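The form deposited in one PDB entry is given below as one chain in structure tokens.
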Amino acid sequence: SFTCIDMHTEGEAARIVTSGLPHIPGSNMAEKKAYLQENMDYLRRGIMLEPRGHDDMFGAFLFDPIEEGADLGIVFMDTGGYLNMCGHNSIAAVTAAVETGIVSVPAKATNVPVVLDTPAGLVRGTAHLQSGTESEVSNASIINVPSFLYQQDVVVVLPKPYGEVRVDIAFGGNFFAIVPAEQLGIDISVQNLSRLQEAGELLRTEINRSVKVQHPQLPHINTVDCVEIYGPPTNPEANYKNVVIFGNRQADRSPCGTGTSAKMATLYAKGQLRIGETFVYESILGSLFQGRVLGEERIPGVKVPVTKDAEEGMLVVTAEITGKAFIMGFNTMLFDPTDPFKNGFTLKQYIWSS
């Protein structure tokens, strides 16, 4: 049996496994993720998939922190595999840590830091407390790992009825292909969600076939794992609306924190967003996240495709993302060794271009 704190962040699940896991080696969180992925993938499958989960479930395993200064180690998972970072799950974990007492709250504290050691690096979170409560969280922010536009105006050819599209590749904790919905000929709407999933899958697969990406500081991150499809906002408070397609072409119900970070890095690189300016991203559900670019930095002697010959070094930015998570369940998940679906199942069919 495993104990879980089932959270959701504005409609998007985050199943946070807090106890009962087998002991896992690894000298950092990236190696722990690799160990799970390579040797114990049955854990993910049983916890994420039907019948205990479903095709759009998401979650994370907690571990002791390893990187200096962190409160919790975390490895994220979904219906397909393992993302190096997740903003909505980070917001959920920061929230759960404070509300359930995994991390202590100083006396008279109105903000409580919760630092996550993730496969993509250190993620500095803050739970913003409800005034007059000891540990009720109003919302939570996360300062993401450095983000960056990687490659601009990448042209890929998808099968009909999509054909040729142009995207940006950016890192926000995961590598994203960021594309306007208009180029796909699909409005972002609940009605089009299945098509959005198919386009996202086709675009992700085609991008990884034709562009080889590599995070220049983190060897293990060498694929594009997420497709961010954006368009005009519905809520007048939002700058844009988006849906991210990832995992086994599941869709984020949240605006997606890493995807927002990647979008903000891209806008910033193009001069379209100032440091400290509030950016508001809306989801397919109408949910909002707020983000701000906190700073920028050039890394001398390190280039990505977008980095100019004249430029000694790549531009990165540090972005903060804010959202609200709720506890939806305290769960003890059970696995009878004679249960034929102890490792879950899906009825979703795979798709691929011919």
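One-based numbering along the sequence shown. C-alpha atoms forming the largest set that superposes within 1.5 Å between two forms make up the rigid core.
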If you average the Cα B factors in the entry, which is higher, 126-134 or 148-156? 126-134
Comparing 307-315 with 50-58, where is the mean C-alpha B-factor higher? 307-315
Take the CA temperature factors straight from the PDB entry and tell me which of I321, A34, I327, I299 peaks. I299
Going by the deposited entry, which of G87, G81, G73, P219 has the highest CA temperature factor? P219
Record-listed C-alpha B factor of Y162: chain third: highest
Hey, what third does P337 fall into on Cα B-factor, ranked over its chain? highest
Per the entry's values, where does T3 land by CA temperature factor relative to the rest of its chain, in the lowest, middle or highest third? lowest
Can you work out whether the C-alpha temperature factor of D41 puts it in the lowest, middle or highest third of the chain? lowest
Lowest, middle or highest third - CA B-factor, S283: middle
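The form deposited in another entry exists for this protein as well; it is not shown, and the discussion that follows is about that form.
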Relative to the superposed rigid core, does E311 relocate between the shown form and the other one - that is, does its Cα move 2 Å or more? yes
In that other deposited form, do the Cα atoms of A310 and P146 sit closer or farther apart than here, given a shift of 3 Å or more? closer
Against the shown form, C-alpha atoms of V145 and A310 in that other deposited form: closer or farther, for a change of 3 Å or more? closer
